[PDB]
Every structure is written in C-alpha cells, then in structure tokens.
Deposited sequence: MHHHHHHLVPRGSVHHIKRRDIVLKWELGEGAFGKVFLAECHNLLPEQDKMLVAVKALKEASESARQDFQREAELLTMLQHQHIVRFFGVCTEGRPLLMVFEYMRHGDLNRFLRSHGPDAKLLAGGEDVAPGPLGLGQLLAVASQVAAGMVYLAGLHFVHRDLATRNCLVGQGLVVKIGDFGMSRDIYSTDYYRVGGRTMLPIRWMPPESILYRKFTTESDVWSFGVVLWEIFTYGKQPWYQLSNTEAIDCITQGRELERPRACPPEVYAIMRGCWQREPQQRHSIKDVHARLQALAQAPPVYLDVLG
C-alpha cells in the first residue's frame, strides 16, 4: 500500500496520545480508511488545556492493516509544512486504532469552492482564488522536495482553515485528475502530480466543478488518453490558463516544474491581473 514511499526513511518516533486524552464529539465523515470524528484533545500542546482535532478511526484489526497503519503514521510524522495537514500522532491503546490531525474548521476545499461560488460568506474573488491556488502549489513544492508522490491531488483532498489557510491531505482510481501515463501505465511521479495540480487549478477556477463533467467515466478515460485538454474556465485569466497548459504537456518531462508554477502563482496572487469575465 505504501511501497512507493520506501525511499522515505523516518528520523524519530511517532507521537503517542493516551486514549483518555481524546474526547469524541461527532462524525465529520468517513470514506475509504474509516470514520473521521471531530474531537477535543487534552495535553497535546503545553499552552492549551484542550483543542479541537480530527480523529480517524481505523476499521480493520487486521493485522495487515495494522502494519500499514504504523507505516502510514511514520510517513505522516515526516510531513511538516504550513500547507500540509498537521499530523499529531496516534492512539494505539486498544481498539479502534486512532490517528489525530489538526482540525480545519471550514472542511474540504471542494465543498468550500462550491459554497463560495458566483469565514466571510459570498463569492471568492480573483485574489482569493489565486491565494488558494498558491497555497496548494506551496504544499506540492514541499512534497516534491521530499520525493513524496501524492497520487490523488484534488480539491476534495485539501482542507480550509481559519483565515482561508489551505492544506493538502488525502482522505481516500481518480481518473479525471490523472495524466495518460498514470491511466495507461500506472506511472505516478512528481510529473503526474503536476498534471493533477493543473486539474486542481481548473477546479479552483470553475468553483469546484468536476473535471470532464460533460463525459461518462469511460468517455473521460478515452479523452485523456487521446490528448483532449480541459477548456479555459470563464473566471480564469489568460495568465492562469497558461499555467494549466504548462502542467498538461503530454510528455511528462515537458511539464512545468511545481517550483515555477508556485512562483508564477505567487506573483499573480500578490498582484492580481485586472481580468473580468
């Protein structure tokens, strides 16, 4: 399950949290690897008595999922960046096994985009869309630097916190976000992650619409394999569509580097261009 991350070697140990220090509130969602709960966590940070956290409860026993749980926890503790979801540790005392993350109050970025279409309620402006995009790109620059291939970058896998802080996570094939080599040859690299970033930029600029929404799953596989490109969104300035096109070069080695994509988005976010649909 985590074999593609074998070159990543953990330094220190995973942080352990006592079960009685976690107080579950209510389910936030579930999906692939178990239920996720909002909870209060005690004695985690020396400054605060209690704080809000998101807790993932492992469903299996197993003991194949237990070995995978330990490796996953070792990898998550290695990821420390302003734009990567913050992992606090595990609770391994009894069943179920728990993973604890910093709570992000505004939830997933896909739902956030869809509810702020054409926190401060209302439509996100160009500056805000560029700030979201720049933050996701900053997280992807960090993962590329670590040689960590995400494999499922999409707005549904990003979280929004206080003050519109955006962080990348992975909550559980995502064919519509994949380049041809990933669909056809299962080749997942820093370059397939940059292609998925281009699709995330398209999601941001369409306010969370599904890529290839006009097509069935089969039609979308065929279109990606044939090389058809997603259309420029109405809210997307020409400068931003050029970034998307750079991410979508058919040849992986011709795609723009995430460092340059991030730097371009930084320049545009600190600007932004005078564009009106």
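When the deposited sequence is numbered from 1, the segments without any C-alpha atom are 119-128, 183-200, 306-308.
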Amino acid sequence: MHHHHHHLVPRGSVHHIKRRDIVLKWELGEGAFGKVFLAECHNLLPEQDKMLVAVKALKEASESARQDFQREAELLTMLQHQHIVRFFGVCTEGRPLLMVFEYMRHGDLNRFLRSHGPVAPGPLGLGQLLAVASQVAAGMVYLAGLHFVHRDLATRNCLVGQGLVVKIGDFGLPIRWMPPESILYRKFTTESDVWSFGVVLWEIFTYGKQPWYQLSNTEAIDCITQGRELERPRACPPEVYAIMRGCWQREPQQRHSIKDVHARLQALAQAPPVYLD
From here on, numbers count along this sequence of modelled residues.
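Only the largest set of C-alpha atoms that superpose within 1.5 Å between the two forms is called the rigid core.
In terms of root mean square C-alpha deviation after superposing on the rigid core in 9 other deposited structures of this protein, the stretch standing farther out between 88-96 and 196-204 is 88-96. Once the rigid core is used to overlay the structures in 9 other deposited structures of this protein, the stretch among 183-191 and 134-142 whose CA atoms lie farther from this form is 183-191. Compared against other deposited entries of this protein, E47 counts as often unmodelled, lacking coordinates in at least a third of those that resolve the residues around it. Figure legend: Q214 is marked as modelled in all of the other comparable entries of the protein, none of which omit it, let alone a third.
As recorded in the PDB entry, 41-49 is the stretch of 41-49 and 239-247 with the greater mean C-alpha temperature factor. Note on 73-81 vs 200-208: mean CA B-factor is higher in 73-81. Looking only at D170, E93, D193, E181, the residue with the top Cα B factor in the deposited structure is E93.
The entry assigns its greatest Cα B factor, within the set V136, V119, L129, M99, to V119. Ranked against the other modelled residues of its chain, the C-alpha B-factor of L28 as given in the entry falls in the highest third. Remark: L159 belongs to the lowest third of its chain, ranked by C-alpha B-factor as recorded. Sorting the modelled residues of the chain by their CA temperature factor places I258 in the lowest third. When all modelled residues of the chain are sorted by CA temperature factor, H150 is found within the lowest third.
In the PDB entry, a CA B factor belonging to the middle third of its chain's modelled residues is recorded for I221.
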